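Trainee: Residue numbers (mature numbering (1 follows the signal peptide of the UniProt record, and there is no 0)): 253 to 335.
The beta-carbon is built from N, C-alpha and C at its ideal position, and this holds for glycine as well.
(1) Would you mind reading off the limits of the beta strand (DSSP E) that contains residue 317?
(2) Are the segment 310-321 and the segment 266-286 touching, with three or more C-beta to C-beta distances below 8 Å?
(3) Assign residue 259 to buried or exposed, taking buried as 16 or more other Cβ atoms, counted over all protein chains shown, within 10 Å of its Cβ.
(4) Note down, in chain order, each residue of its chain lying with its Cβ closer than 7 Å to the Cβ of residue 295, except the 5 sequence neighbours on either side.
(5) Considering residue 325, what are the terminal residues of the beta strand (DSSP E) in which it resides?
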């Protein structure tokens with residue numbers, strides 16, 4: 253990406269849809285695999301678009317739900333112009 257993170261990166265851009273690890277970000281609109289309460293109906297002002305690494309809950313960094321049963325949610329390593 254040429255775009256970068258806004259620190260907590262809620263609605264930064266909406267590029268990366270994969271965790272920091274090789275986990276596929278499960279869609280925010282999807283209550284499967286993980287039945288999460290962070291949906292675009294719950295956090296619309298956090299822009300839960302598709303499966304992008306958003307920050308609805310309010311972590312230190314963008315995160316998402318993995319399509320794995322191994323792990324629940326995962327952070328995402330977005331770049332940073334604000335180094």
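Mentor: A quick look at the data gives this:
(1) 315-318
(2) yes
(3) exposed
(4) 308
(5) 325-327
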